[PDB]
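Here is the structure we will look at, set down as structure tokens.
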Amino acid sequence: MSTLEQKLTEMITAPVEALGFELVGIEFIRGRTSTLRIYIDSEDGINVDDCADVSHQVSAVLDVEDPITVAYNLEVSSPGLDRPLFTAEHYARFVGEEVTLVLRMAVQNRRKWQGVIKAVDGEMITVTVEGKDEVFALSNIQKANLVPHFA
């Protein structure tokens, strides 16, 4: 509405991309004191403690952008377990799980699918869907997300 919150994300992204990182992302948290949480990662294998030394420089540019009393807070994270799934090796890590997905060869008014992953041979994931033994081509998946067991 009134504040350049996306321009602050741009101004934090450009130094971190010029530092040789591959993932840099933000969430905003509404509060009396505004609170950012940063997500960061590399292609080159950099540890989360050293990512928090880079994030200490992110706190230093944030601290001079808005300097009035204490109006800002910053938390630091990795992309976690909570991310969608794409890689051929990772579909194989997560056999024995229920997954929900959408397909690339199809147009809107296609189904959203849900079912159990059993084995991954080549590009052909092997699955149970609506109680039937079925298959998916992993290059035909456009998005997938993991589902936990009922308890």
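Labeling convention for the structure tokens: chains A, B, ... as they appear, residues from 1 per chain, ligands from 1 in order of appearance.
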
Practice prompt. Give me the residues within 10 Å of residue 26 of chain A as a list in words, counting only C-alpha atoms and dropping any in the same chain fewer than 6 places off.
Written response: residues 6, 8, 9, 12, 13, 36, 37, 38, 39, 40, 75, 76 and 77 of chain A

Write the residues you've just listed into a file as a PDB file, in the first residue's frame, and include N, CA, C and O atoms for each of them.
```
ATOM      1  N   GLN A   6       9.091  -4.590  -1.301  1.00  0.00           N
ATOM      2  CA  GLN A   6       9.697  -5.376  -2.376  1.00  0.00           C
ATOM      3  C   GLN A   6      11.038  -4.767  -2.823  1.00  0.00           C
ATOM      4  O   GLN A   6      11.980  -5.491  -3.145  1.00  0.00           O
ATOM      5  N   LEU A   8      13.120  -3.245  -0.698  1.00  0.00           N
ATOM      6  CA  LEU A   8      14.015  -3.743   0.354  1.00  0.00           C
ATOM      7  C   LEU A   8      14.483  -5.179   0.066  1.00  0.00           C
ATOM      8  O   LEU A   8      15.655  -5.499   0.269  1.00  0.00           O
ATOM      9  N   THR A   9      13.608  -6.048  -0.456  1.00  0.00           N
ATOM     10  CA  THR A   9      13.993  -7.399  -0.909  1.00  0.00           C
ATOM     11  C   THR A   9      14.970  -7.351  -2.085  1.00  0.00           C
ATOM     12  O   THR A   9      15.968  -8.084  -2.092  1.00  0.00           O
ATOM     13  N   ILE A  12      18.515  -6.152  -0.808  1.00  0.00           N
ATOM     14  CA  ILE A  12      19.177  -7.262  -0.081  1.00  0.00           C
ATOM     15  C   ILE A  12      19.617  -8.379  -1.049  1.00  0.00           C
ATOM     16  O   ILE A  12      20.659  -9.012  -0.849  1.00  0.00           O
ATOM     17  N   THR A  13      18.856  -8.617  -2.131  1.00  0.00           N
ATOM     18  CA  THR A  13      19.150  -9.657  -3.126  1.00  0.00           C
ATOM     19  C   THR A  13      20.410  -9.348  -3.924  1.00  0.00           C
ATOM     20  O   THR A  13      21.263 -10.230  -4.076  1.00  0.00           O
ATOM     21  N   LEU A  36      11.645  -9.472   9.439  1.00  0.00           N
ATOM     22  CA  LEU A  36      11.954 -10.224   8.222  1.00  0.00           C
ATOM     23  C   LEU A  36      12.507 -11.601   8.627  1.00  0.00           C
ATOM     24  O   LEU A  36      13.250 -11.703   9.611  1.00  0.00           O
ATOM     25  N   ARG A  37      12.227 -12.652   7.857  1.00  0.00           N
ATOM     26  CA  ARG A  37      12.993 -13.917   7.937  1.00  0.00           C
ATOM     27  C   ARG A  37      13.606 -14.244   6.580  1.00  0.00           C
ATOM     28  O   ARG A  37      12.897 -14.257   5.576  1.00  0.00           O
ATOM     29  N   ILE A  38      14.930 -14.457   6.556  1.00  0.00           N
ATOM     30  CA  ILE A  38      15.709 -14.723   5.341  1.00  0.00           C
ATOM     31  C   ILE A  38      15.986 -16.218   5.176  1.00  0.00           C
ATOM     32  O   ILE A  38      16.345 -16.919   6.130  1.00  0.00           O
ATOM     33  N   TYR A  39      15.856 -16.677   3.938  1.00  0.00           N
ATOM     34  CA  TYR A  39      16.247 -18.012   3.478  1.00  0.00           C
ATOM     35  C   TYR A  39      17.417 -17.864   2.505  1.00  0.00           C
ATOM     36  O   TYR A  39      17.345 -17.044   1.588  1.00  0.00           O
ATOM     37  N   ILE A  40      18.501 -18.616   2.704  1.00  0.00           N
ATOM     38  CA  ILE A  40      19.737 -18.470   1.911  1.00  0.00           C
ATOM     39  C   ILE A  40      20.439 -19.810   1.668  1.00  0.00           C
ATOM     40  O   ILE A  40      20.518 -20.655   2.557  1.00  0.00           O
ATOM     41  N   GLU A  75      15.380 -12.710  11.268  1.00  0.00           N
ATOM     42  CA  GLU A  75      15.639 -14.124  11.605  1.00  0.00           C
ATOM     43  C   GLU A  75      16.238 -14.874  10.401  1.00  0.00           C
ATOM     44  O   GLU A  75      15.962 -14.510   9.254  1.00  0.00           O
ATOM     45  N   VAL A  76      17.049 -15.922  10.617  1.00  0.00           N
ATOM     46  CA  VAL A  76      17.858 -16.576   9.566  1.00  0.00           C
ATOM     47  C   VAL A  76      17.563 -18.084   9.469  1.00  0.00           C
ATOM     48  O   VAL A  76      17.572 -18.775  10.493  1.00  0.00           O
ATOM     49  N   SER A  77      17.316 -18.594   8.255  1.00  0.00           N
ATOM     50  CA  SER A  77      16.902 -19.983   7.989  1.00  0.00           C
ATOM     51  C   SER A  77      17.428 -20.612   6.683  1.00  0.00           C
ATOM     52  O   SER A  77      17.906 -19.934   5.777  1.00  0.00           O
TER      53      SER A  77
END
```

Determine, counting only C-alpha atoms, which protein, DNA and RNA residues have an atom within 9 Å of an atom of residue 86 of chain A; residues of the same chain fewer than 3 positions away are not included. Present the result as a compact mmCIF listing (two decimals) with C-alpha atoms, in the first residue's frame.
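Written output follows (out02.txt):
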```
# COMPACT_ATOMS: atom_id res chain seq x y z
CA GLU A 89 17.34 -38.75 -6.59
CA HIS A 90 14.96 -37.07 -4.06
CA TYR A 91 11.80 -38.87 -5.34
CA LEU A 138 9.20 -37.58 -13.39
CA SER A 139 9.84 -35.10 -16.30
CA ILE A 141 5.64 -33.60 -13.08
CA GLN A 142 5.27 -29.76 -12.96
CA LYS A 143 4.99 -29.58 -9.10
CA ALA A 144 4.89 -32.11 -6.20
```

Item to complete: Choose the residue, out of A:29, A:74, A:137, A:18, that has the smallest atom-to-atom separation from residue 102 of chain A; count only C-alpha atoms.
Response: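 Using only C-alpha atoms, the shortest distance to residue 102 of chain A belongs to A:137.
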
Discussion item. List the spatial neighbours of residue 148 of chain A as a PyMOL selection string - criterion: any atom at most 10 Å away, only C-alpha atoms, same-chain residues fewer than 4 positions off excluded.
Written reply: chain A and resi 97-99

Worksheet item: Which distance in Å separates atom CA of residue 43 of chain A and atom CA of residue 123 of chain A, to one decimal?
Response: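 Going from atom CA of residue 43 of chain A over to atom CA of residue 123 of chain A, I get 24.1 Å.
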
Worksheet item: Which neighbours of residue 147 of chain A fall inside 12 Å, counting only C-alpha atoms, when residues of the same chain fewer than 6 positions from it are skipped, and could you give them as a list in words?
Response: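 Counting only C-alpha atoms, the residues come to residues 81, 82, 83, 84, 85, 94, 95, 96, 97, 98, 99, 100, 101, 113, 114, 115, 116 and 117 of chain A.
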
Worksheet entry | Which of chain A fall in strand (DSSP E), as a PyMOL selection string | chain A and resi 23-29+34-41+72-77+98-103+113-121+124-129+132-137+141-147

Discussion item. Can you tell me which residues surround residue 20 of chain A at a distance of at most 12 Å, considering only C-alpha atoms, apart from same-chain residues fewer than 3 positions away, and format the answer as a PyMOL selection string?
Written reply: chain A and resi 13-17+23-24+40-46+51+54

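Restricting the calculation to only C-alpha atoms, the smallest distance between residue 79 of chain A and any of A:19, A:4, A:48, A:135 is found for A:48.
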
Discussion item. Report, in Å with one decimal, the straight-line distance from atom CA of residue 130 of chain A to atom CA of residue 145 of chain A.
Written reply: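 Separation between atom CA of residue 130 of chain A and atom CA of residue 145 of chain A: 17.2 Å.
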
Item to complete: Using only C-alpha atoms, find the one residue out of A:104, A:109, A:151, A:34 that sits nearest to residue 62 of chain A.
Response: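 Under the stated criterion, the closest residue is A:34.
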
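Using only C-alpha atoms, the protein and nucleic acid residues lying no more than 12 Å from residue 32 of chain A, apart from those fewer than 6 places from it along its own chain, are residues 70, 71, 72 and 73 of chain A.
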
With N, CA and C atoms retained, export the selected residues as a PDB file, in the first residue's frame.
```pdb
ATOM      1  N   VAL A  70      14.035   1.454  17.378  1.00  0.00           N
ATOM      2  CA  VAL A  70      14.165   0.004  17.030  1.00  0.00           C
ATOM      3  C   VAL A  70      12.941  -0.422  16.209  1.00  0.00           C
ATOM      4  N   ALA A  71      13.001  -0.274  14.882  1.00  0.00           N
ATOM      5  CA  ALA A  71      11.823  -0.585  14.036  1.00  0.00           C
ATOM      6  C   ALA A  71      12.005  -1.882  13.237  1.00  0.00           C
ATOM      7  N   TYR A  72      13.117  -2.606  13.410  1.00  0.00           N
ATOM      8  CA  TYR A  72      13.344  -3.798  12.544  1.00  0.00           C
ATOM      9  C   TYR A  72      13.887  -5.009  13.310  1.00  0.00           C
ATOM     10  N   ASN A  73      13.587  -6.219  12.820  1.00  0.00           N
ATOM     11  CA  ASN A  73      14.116  -7.470  13.430  1.00  0.00           C
ATOM     12  C   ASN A  73      14.419  -8.447  12.284  1.00  0.00           C
TER      13      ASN A  73
END
```
